[PDB]
Amino acid sequence: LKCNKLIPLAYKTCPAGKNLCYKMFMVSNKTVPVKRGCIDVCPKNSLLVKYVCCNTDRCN
């Protein structure tokens, strides 16, 4: 699987163990991403930090 980068055009393939995409959002702006990469297991959303995972290409 492949996920987009922070700067909306670049991308990177998920290493071994990582076949899912994830995005780190901060309450400061749940409408804007702070971090993005690959993940093996989706975390749990928080009241402050929001973690979203996708199983699609260039989802995030």
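First residue of the sequence shown: 1102, per our numbering; consecutive thereafter. Even for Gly, the Cβ is constructed at its ideal location relative to N, Cα and C.
Less than 8 Å between the beta carbons of residue i and residue j, yes or no?
i: residue 1150; j: residue 1125; result: yes
i: residue 1105; j: residue 1161; result: yes
i: residue 1159; j: residue 1123; result: no
On the CB-based measure, 16 or more other CB atoms within 10 Å of its CB, does residue i come out buried or exposed?
i: residue 1108; result: exposed
i: residue 1121; result: buried
Using the three-state DSSP reduction, which class does residue i fall into: helix, strand or coil?
i: residue 1133; result: strand
i: residue 1113; result: strand
i: residue 1105; result: strand
i: residue 1149; result: coil
i: residue 1119; result: coil
To the nearest angstrom, how far is it from the Cα of residue i to the Cα of residue j?
i: residue 1148; j: residue 1138; result: 21 Å
So residue i and residue j are supposed to be a Cβ contact under 8 Å. How far apart are they, rounded?
i: residue 1114; j: residue 1103; result: 5 Å
Please decide whether residue i counts as near chain C, where near means a Cβ-Cβ distance under 8 Å.
i: residue 1132; result: The structure shown contains no chain C; it is built from a single protein chain.
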